[PDB]
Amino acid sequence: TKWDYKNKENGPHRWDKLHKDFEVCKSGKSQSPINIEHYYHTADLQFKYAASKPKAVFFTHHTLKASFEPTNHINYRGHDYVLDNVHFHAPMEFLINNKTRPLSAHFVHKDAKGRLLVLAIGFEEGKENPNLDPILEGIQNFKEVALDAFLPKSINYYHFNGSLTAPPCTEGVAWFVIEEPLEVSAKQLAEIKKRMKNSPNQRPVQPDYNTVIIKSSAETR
């Protein structure tokens, strides 16, 4: 109950100091997030999403989280990665070619061997997107969340190996950062940021050791 985003002691630059489990926050060579600037052009990525009702929806450790039953899958290279939860970071943590959007959502998965697959996608200030509403009315039954409709059908993405953007900053993370921004309204932006206590929950860009990145594309649905 110690680490936060405050620019003083419990801030990110000192996370390794708060606890030894966070030592990799400093010592690891694949820490996330980063600015995606150098990559290689070149699917094998299957979504198994459905509109799903959350096991629970809650704000925890400074983000808004919807936890889920092991019913929604992503298959990657012939291995099934179960979605655990989707949570939000504001502003966006990852950067693409020096570009920033004010919000992202992370879709967290784990396979048979316990390996992590996380998805980062942006929101763009503009028209109100309906997908947000089933979770924002879930403080208490829980209404179904439209997962198979959340992401674009056609996606361009960046894939690389990184770490968690939050303590313990565990590595072995397969990142897929989606290029296409989703849309978010200005009223929704401020409203949900208030559940982010209008206090940023975004880890700074980590040092980049020539991460190998592929740019590819896929169809989600």
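Start at 1 and count along the sequence shown; that's the residue number.
Trainee: None, 1 to 3, 4 to 9, or 10 or more: how many residues of the deposited sequence lack coordinates between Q140 and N141?
Mentor: Missing in between: 1 to 3 residues.
Trainee: How big is the unmodelled gap, if any, between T42 and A43 relative to the deposited sequence? Choose none, 1 to 3, 4 to 9, or 10 or more.
Mentor: The entry leaves 1 to 3 residues without coordinates here.
Trainee: Per the entry, where is the mean C-alpha temperature factor higher: 65 to 73 or 31 to 39?
Mentor: For C-alpha atoms only, the mean B-factor is higher in 65 to 73.
Trainee: Quick one: higher average CA temperature factor, 119 to 127 or 104 to 112?
Mentor: According to the entry, 119 to 127 carries the higher average C-alpha B-factor.
Trainee: Kindly indicate the residue among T165, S185, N156, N161 with the greatest C-alpha B-factor in the PDB record.
Mentor: The C-alpha B-factor peaks, among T165, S185, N156, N161, at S185.
Trainee: Would you mind checking where the Cα B-factor of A56 ranks among the modelled residues of its chain, as the lowest, middle or highest third?
Mentor: Middle third.
Trainee: Going by the entry, which third of its chain does the Cα temperature factor of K194 land in?
Mentor: It belongs to the highest third of the chain when residues are ordered by C-alpha B-factor.
Trainee: Going by what the PDB entry lists, where does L83 fall on CA B-factor within its chain: lowest, middle or highest third?
Mentor: As the PDB entry reports it, the C-alpha B-factor of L83 lands in the lowest third of its chain.
Trainee: By its CA B factor, does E23 count among the lowest, middle or highest third of the modelled residues in the chain?
Mentor: Tercile = lowest for this residue's CA B-factor.
Trainee: Using only modelled residues of the chain, where does the Cα B factor of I135 rank: lowest third, middle third or highest third?
Mentor: Ranked within chain, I135 CA B lands in the highest tercile.
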